Each structure stands twice: as C-alpha cells, then as structure tokens.
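Bear in mind that the values in this text are calculations on the coordinates, not laboratory data. A quick note on method: Cβ atoms are made from the backbone with ideal geometry, for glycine too, and the neighbour counts reach across all protein chains shown.
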There are 2 protein chains.
Amino acid sequence: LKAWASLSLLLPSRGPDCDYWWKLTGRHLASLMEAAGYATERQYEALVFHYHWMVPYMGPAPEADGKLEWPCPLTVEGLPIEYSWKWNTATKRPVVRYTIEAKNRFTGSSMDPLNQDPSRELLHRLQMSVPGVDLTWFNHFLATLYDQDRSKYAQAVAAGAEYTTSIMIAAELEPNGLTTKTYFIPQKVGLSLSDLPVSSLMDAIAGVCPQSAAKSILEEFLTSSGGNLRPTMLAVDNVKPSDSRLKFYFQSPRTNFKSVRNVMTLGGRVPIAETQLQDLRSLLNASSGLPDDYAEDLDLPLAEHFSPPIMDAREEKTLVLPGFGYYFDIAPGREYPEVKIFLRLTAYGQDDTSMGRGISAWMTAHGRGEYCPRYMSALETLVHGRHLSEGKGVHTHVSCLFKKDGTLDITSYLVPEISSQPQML
Amino acid sequence: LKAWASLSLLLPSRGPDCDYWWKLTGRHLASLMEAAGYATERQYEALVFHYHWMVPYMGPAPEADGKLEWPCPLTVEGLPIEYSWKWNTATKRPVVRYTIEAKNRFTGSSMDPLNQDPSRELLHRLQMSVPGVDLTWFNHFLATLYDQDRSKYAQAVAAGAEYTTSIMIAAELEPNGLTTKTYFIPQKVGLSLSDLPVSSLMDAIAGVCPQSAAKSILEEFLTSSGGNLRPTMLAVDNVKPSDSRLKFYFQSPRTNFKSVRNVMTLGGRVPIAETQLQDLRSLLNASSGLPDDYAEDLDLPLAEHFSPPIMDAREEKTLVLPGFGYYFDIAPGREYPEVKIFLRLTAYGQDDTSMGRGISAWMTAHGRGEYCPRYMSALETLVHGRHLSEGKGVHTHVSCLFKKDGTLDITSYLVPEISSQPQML
C-alpha cells in the first residue's frame, strides 16, 4: 500500500472526526484501488481528493456505541459512505467509486431538516474549483422533489416524523479524471415515499426532460405490468445536461426471474438477447447461493439465519427490503431506457465470503476472473470485528446492466463494517 | 507539468496568503523538479508536503509594493523562500531543495521579537507526525545563541534596534524521503553579530560537541591565518545527533583564490588535490564572467552595473556583501572539517543568463552537462517582470564542497523574483 503509507505520513492530522474517516475509509479506498491495479499516480490523486473534499463532509465520527445522530441508509450501521467495485470487462480494469452523504453541524436541525445544505456547499465549491461541474438539474430537483417551506418539516418533526437522508453525492474515479453524481430521495411533509405518486415525480422530471422515447416507453410500462413498481430515488450526473444520465429508481417486491424479464425488457418493449438474460440469471443464482436451475417462476428466498433489519427498511431506506431494486435511465435523446438491476445482498444470499465467491465463480466462468482473488482479499480489509465468512455486512448489492454491445456491466457495492459486535451473523 | 496541473486542481483554495505562496512557489518547485527529471510520484509527494506543511508557515503575502512587515534576507526583495539546485554527478540526478522562514501573526511582536515560535511549532508538529525528527540540537541552540529574556529585545526595539530573521528551516527532497535542517542566525540584545566573539558561539557548540578533531582543527585555523573570518550562522540537521552535521558559517572579506586555498585547506592542515582546487577556480572564474586565468592573488571585482544592495547587507544579511561565504562542518567523530564555499552571485558576476551559462559551460566541460538546457529554461520561469538576461535576481549563490571521493558537489541557490519593477538591472 505505497500510496496510502506515503500520503498518510505527509497529510496532517486535523481533528478527531476528519481523522476517524480518513483513517477508516482512506485505507479502504486504497485497498480497493490497489486490488484493482490502480497506478500509484491515480491512487495519489484519488486519496488526495478524498482527504480534502469528501472526508470533511462526512460529519461526526460514530460514538463508542457506533451511533450517529443522523444515520445514513447506505449501511445497516448507518455510516455515510458506500464503495462500489465495477468489475473488469474484456477491455478495462475494475473501477473503484464511492458515495457519501454530506453533513455539517446543522445537519437535521430545524434550519436544515432534510440535510441538504452541506451537499449544496460541497458541489458549489467543487464547481468553483474544478471544471465541468453543472448544477442545473441538481438545483431543479432540490426545488421540485421536496416541500420548500422548511418550517413545515420542522412542525412535523415536532410531531414525531423521522426524516432521513435526502441527498448523497458520488465522485467517480474513472480513467478520465473525476465527475460527480447526485442522488435524491424524495420526501414530503405529509405522506410516505411509498405514498408519493409516480406522477408527481414524473412532473419534476418533465421540468428538464419533457419528452423522450425512453421516458414514454417507461410510462407505458408503468401503467401496464409495471404497476407493482414503487419509486424510490432519482440520480443525475452533475455535468452539462445534454451529457447527463437521468436515473429513475424503483423498488419491486417480486424477485422471480419472470419478473426480472418483465422489468428489464419493459414489458417486451425493449428486447434483450436470451443469452444475456440467462447470463444475468446465472449471476443472480450464484450470488444468492441458489441452484443454477432455480425456477424462473419462484421468488428468491429471504436470508434468515442472519437476523437482518428487514422491518427497518422502506422506500427511503432500500438497503434491506424484500424485492429487487432497479433504475431506468430515461435521459433525453435516448431511444429506450437503460435498465440496471440491483440484487440486495443484505436480504438475499449467504455470508459475505459465499457471496463474493459466488460472484467470483461467475466472473471466472465468463473469463473475467482476472482479479477475483484480489477482490476477495480486499473484502477482508473492510470488516472489523469478525471474519468475512461469519455473516453479512460488507456486500450491500450486486448490479447488472446490459451494455449496448451485449456486454454485462457488473458492480459490487461494498460498505465498511466497524462494529466490534456485528449485527448480522 | 502534469503533477502541478493535476494537484493544483484537486487541492482547495485556502485564503489569500496560502494561495499566493502555493501558486507562486509551488509552480517554481514543480518546474525545478520537472527540469531535474523527478518522477511524477516524487513530485506529488513534495508538492503535497509543500502545500500542507511549508506554505501555511510562509506568512503574509507581500503587498502591492512587494512589501513585507518582516522581510527575510534570503532575497533582495525579502521573500521567505530560497530554492537550491544540487547539480547532477556521475551517479545521481539533480536534487531540488528549498528553505523558508516560518512566520505567524505574532512574528516580530514583543512576545516573539526574533520570530522563533513558528519554527518551534512547525518542527514539533512535524516531529509528532513524521518519524525521525530530533530537536535536541534545535532546542539547545535556541537556548544558547540568544538572550533569553524577550523583554530585553523589546526594550531595544523601543530604542531603534532592527532585529531580523533568526531561524530558517529546510526540507530536503532527496532520494530517500525527506529530513529537516535548521539555520540559526545569532543575535544578542546589545551587540552586532560582527561584534559577537567567535568564542561565545564555540561555547554554545561545546554544549553538544565538546571535542572533535574537526573542531580542534578549525579553532587552530581561526587563531592563525583564519583570523579575518567572521561568524555568520550555524546549521544542524534535525535528526539523531550522532547522525547530524554541525555547520559553522563564516564570512570572509577576501575573495582572491590564494585566500580560497587558505580557507578550504584550513591553513594547510587539510590538503586538497590541486586538480580539485583548479577545478573550483575554473568554476569561480566562469561563474563571475572572469578570464579563466584570473590571477590567484587578485580579489574578485564587485559587479557594479547592477546597483545591488551592498550597503544593506551585513553578517545577519549575508546575501549581498563583498567576500565569500563558507561553512565548516565540525560534527563529532569527524577527522577534519568538511568545507563548503559560497560564491555570492548577487555581488559578483553578470546577469543571470551569463551566470547560468558560465556554470553550464563548466558542467558541460566536466561531462555533467546532461541537464543544463533544462536548468536554463527552468530559471526563466522564476523571474516575473523581466527577462533572465537583463539583470540579477534569481541566482543568489553557487557553492562547492569537495566530497570524500574527490567529487565536486556543486549547488545553485535560486530565489523567486516577483517585482514588476526589478531592482537589479
């Protein structure tokens, strides 16, 4: 770990909170970056960027009780960070990225009850300092996905409402520099996200994308055989809007593969080659430890010998609820939505070692095994207070999206586990 | 300039003073490091170290009048930084280092009239953060080279005394990591440094080096044919004392080469091969634009068509006074002093281009030309508001020390020139 050892001796100490997150998550990024074959120069830049721009926004260190005043749904322990490992393809090495929730001293207070001001400030300071940052859609969705009179959210909190994370921010450490994305979890003063009609969200979407074939294909799908999908999230890239994706996330209670076929083809409107679909289904069964011929009409079985927090998840906290996550990318000028499916590895599958080996076997079987032993090893540096094989807690999702060349883009979403007394064994 | 372009887009803005010095001197270090063939990884580390540890201690930005409340004798413009270029040998690439004076808001005030507290804090914070920092000799020379009742210096300032820089700090960016050095300019409440007896300084030296052959050889030299040398400075390395050099700097009014022979051999006590001495003399004549056969009995002629601040220099401000600088390294366990001579390129020689080409011709003539065109080019990025050939201001010294293998260790000491209205043309 040359980059991390060097940089962490040259970068000064700064206060207990920054030092906590820098030491905990800076080392994790370095392990993942090293396991993925990142050059030392690329590692230095990412770690330097992490130290100065992300760590200061990660808020307070957790307490001895691994407790935080404003916990984040990215983790069963509520930590404000999630890593992702995009798997190597034929033509590219793995890509390491991560997401944070931005926090400050007023996070969650009556002046900022949905904790949105630190993200505004982080993205604006990045825009003033680094080229190519565009916040048109960021600012538009701030104005339209939420009630605007903050004192309405405060009155409701004064009546027992439990508001949580609304915005998260990602920097991509992809081969060309870095660009940013924003995630919005909509929340209103009087109703649940589950109660939020899709139509209101689509009205907000119509403010920047009034028509597109992809959008029209998705709304036709949603009023037919897509009716069981519940909206959960929206994401944008903070770049020139004509270059930005427009990701509309949904929760589906069903997990049988027949349902997967339905969602990913948008009810047959957007066909997918059967060899690609069968490859996805192989990955889904290998990841959750099911027989390779698991029936296409059967829902996946919930993990149970793991006591996960299923009753604590919802649309606003999608980490641990039964079902699949999806997004539909419906950006303007798209002929059809791009679809990504998210298998929830907190709710399905076995321990982290089995899950990582299931994904590894799939990669190996498809000639992408190049980096699996390094990935398994890096996983072990992410959990503190247990072995990787004793329970769940590092893996949160594995995702698949069918690229325009038939290629399966696969991503492991990973989370630090800190607690000395693990909560899923 | 890949490292500098990358790093200076990832490192945030911080306040006008830090931003001034980072943009001005961070780019200079990058040019010198690039011209010397520094790998990108080494460049990132140095620039990161510069940004966090040195820049914040460089104090206020100069004013529109290129003015500073507490100016530093490193520069005719008083800037608190000097770079050095150690020339390539047969076996090593050039080495880029620099020196700063550490400053804070109380610099020069009645509570810190010799401006020593920022250096204490910088070195202590480095010691707490980076391994191998030892401050035994630093603290010893703080206690013995100065009067200790600060309110005596303040009374004297209340009577028109003009106290100046007392301590400067260097980080070496040598092939193995980085280590630190400290320079002490002694100053007392009632007498000039020129009036400071050598004996009092040697008493301070005896506190950490009570006897050594090198020390004894130097005091025999100084009471015989060395009697015209005036002490100016002491330096230590902030490392384990048994690994530290112990550099005792002197000013000599004479600059004829017969005098050089006398000083560098310590009055014949430490012989030097005649081919090494004649090589030095060639470099001295080439650097100051004199005929190669300049007589060994003639003092060098002062530059004049350059209006330098000769009447403003003294023992405490050795940049521009007639004569040579020397140091004698008399560390314990040394059989004989190591001697380094400093030719003052502010007082002797022609414009910066001629001086740089004189040194370049010498290097080329001795088969060390490898990097001269890159050095000439880097020089041009150091002066603002004039061309390198129109006057003096970048070069401050060129130095030579005879290594234990006959090798001539040669260093160019360089300074940023900022003023739009240059003061030496």
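From the cross-link list A:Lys23/A:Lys215; A:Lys181/A:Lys215; A:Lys23/B:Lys247; A:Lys103/A:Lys152, which pairs have alpha carbons spaced over 32 Å apart?
The pairs that break the limit, which is 32 Å between Cα atoms, are A:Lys23/A:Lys215; A:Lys23/B:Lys247.
Please report, for B:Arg14, the nm distances (one decimal) from its label point, 7 Å out from Cα along the beta-carbon direction, to the equivalent points in the remaining copies, shortest first.
The answer, with the shortest distance listed first, is 1.1 nm.
Scan chain A for the residue whose Cβ is closest to the axis carrying it onto chain B, then write down that distance in whole angstrom.
For chain A, the closest residue to the axis carrying it onto B is A:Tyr44, 2.
Normalised by the number of residues in the stretch B:1-144, what is the relative contact order in percent for Cα pairs under 8 Å and 6+ residues apart?
18 percent
Using helices alone, what [θ] at 222 nm do you get for chain B, with -39,500 (n - 2.57) per DSSP H run of 4 or more residues, divided over all residues and rounded to the nearest 500?
Rounded to the nearest 500, the figure is -9500 deg cm²/dmol.
From other protein chains only, count the Cβ atoms within 10 Å of every residue's Cβ in A:48-55, then give the mean.
The mean count of partner-chain Cβ atoms within 10 Å per residue comes to 3.
In terms of Cα to Cα distance under 16 Å, which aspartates and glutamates are near enough to B:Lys86, apart from those fewer than 8 places away along the same chain?
List returned: B:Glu34, B:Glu172, B:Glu174, B:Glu370, B:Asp409.
In straight Cα distance, which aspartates and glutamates are under 12 Å from B:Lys258, not counting same-chain residues fewer than 8 positions off?
The qualifying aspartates and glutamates are B:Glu296, B:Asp297, B:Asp299.
For A:33-40, what's the mean count of beta carbons from other chains sitting within 10 Å of each residue's beta carbon?
1
Which whole-number percent is the relative contact order of the stretch B:2-414 (Cα, under 8 Å, 6+ apart)?
Details: 724 pairs, mean separation 63.1, N = 413.
That works out to 15 percent.
Arranged from highest to lowest average of other beta-carbon atoms within 10 Å per residue, in what order do the peptides B:39-48, A:170-179, A:390-399, B:136-145 appear? List each step's numbers first, then the result.
Values: B:39-48: 20.6, A:170-179: 16.2, A:390-399: 24.4, B:136-145: 18.2.
Put in order of decreasing packing, that is A:390-399, B:39-48, B:136-145, A:170-179.
Could you give, in nm with one decimal, how far B:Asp203 is from each other copy of that position, shortest first, with labels 7 Å out from Cα toward Cβ?
B:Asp203 label point versus its equivalents elsewhere: 8.9 nm.
Cut-off is 10 Å between beta-carbons; in what order do A:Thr75, B:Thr89 appear when sorted fewest neighbours first?
Taking fewest neighbouring Cβ atoms as first place, the list is B:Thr89, A:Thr75.
Please list, in order along the stretch A:23-33, the HN-Hα scalar couplings obtained from phi with the Karplus expression 6.51 cos²θ - 1.76 cosθ + 1.60 (θ = phi - 60°), rounded to whole Hz, x for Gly and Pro.
Whole-Hz 3J(HN,Hα) from phi for the stretch A:23-33: 6, 5, 8, x, 6, 4, 4, 5, 4, 5, 4.
Among A:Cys18, A:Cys372, rank each residue by its count of other Cβ atoms within 10 Å, from fewest to most, as a rough exposure measure.
A:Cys18, A:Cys372
Mind ordering A:182-191, A:153-162 by average Cβ neighbours within 10 Å, highest first?
Ranked from most to least packed, the peptides come out as A:182-191, A:153-162.
Work out from phi, with θ = phi - 60° and the Karplus expression 6.51 cos²θ - 1.76 cosθ + 1.60, the ³J(HN,Hα) of each residue of the stretch A:268-281, listed in order in whole Hz, and give x for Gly and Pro.
x, 6, 10, x, 10, 3, 5, 5, 5, 4, 5, 5, 4, 4
Under 20 Å Cα-Cα from A:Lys317, which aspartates and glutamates qualify once same-chain neighbours fewer than 8 residues away are excluded?
A:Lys317 reaches A:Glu69, A:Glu77, A:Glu82, A:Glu101, A:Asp112, A:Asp147, A:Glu162, A:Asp195, A:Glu304, A:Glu417.
Sorted by average packing, counted as other Cβ atoms within 10 angstrom per residue and highest first, what order do A:408-421, A:317-330, A:357-370 take? Before the final figure, lay out the partial values.
Numbers: A:408-421: 19.4, A:317-330: 22.1, A:357-370: 17.3.
Going by the mean number of other Cβ atoms within 10 Å, highest first, we get A:317-330, A:408-421, A:357-370.
What nm distances, shortest first, do you get from the label point of A:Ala158 to those in the other copies when the point sits 7 angstrom along Cα to Cβ?
Result, one decimal in nm: 5.9.
Please list, in chain and number order, the residues 5+ apart from A:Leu414 or on another chain whose amide H is under 5 Å from its amide H, with Hs placed from the backbone.
Those qualifying (amide H under 5 Å, at least 5 residues apart or on another chain) are A:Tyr83, A:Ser84, A:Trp85, A:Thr396.
Fewest to most neighbouring Cβ within 10 Å: what's the order for A:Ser244, A:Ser224?
On the way: A:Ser244 22, A:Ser224 11.
Ordered from fewest to most neighbouring Cβ atoms within 10 Å, A:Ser244, A:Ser224 come out as A:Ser224, A:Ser244.
Can you work out ³J(HN,Hα) from phi for every residue in the stretch B:353-363, in order, using Karplus 6.51 cos²θ - 1.76 cosθ + 1.60 and θ = phi - 60°, giving whole Hz and x for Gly and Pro?
Going residue by residue, I get 5, 4, 5, x, 6, x, 4, 5, 4, 4, 4 Hz, with x marking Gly and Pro.
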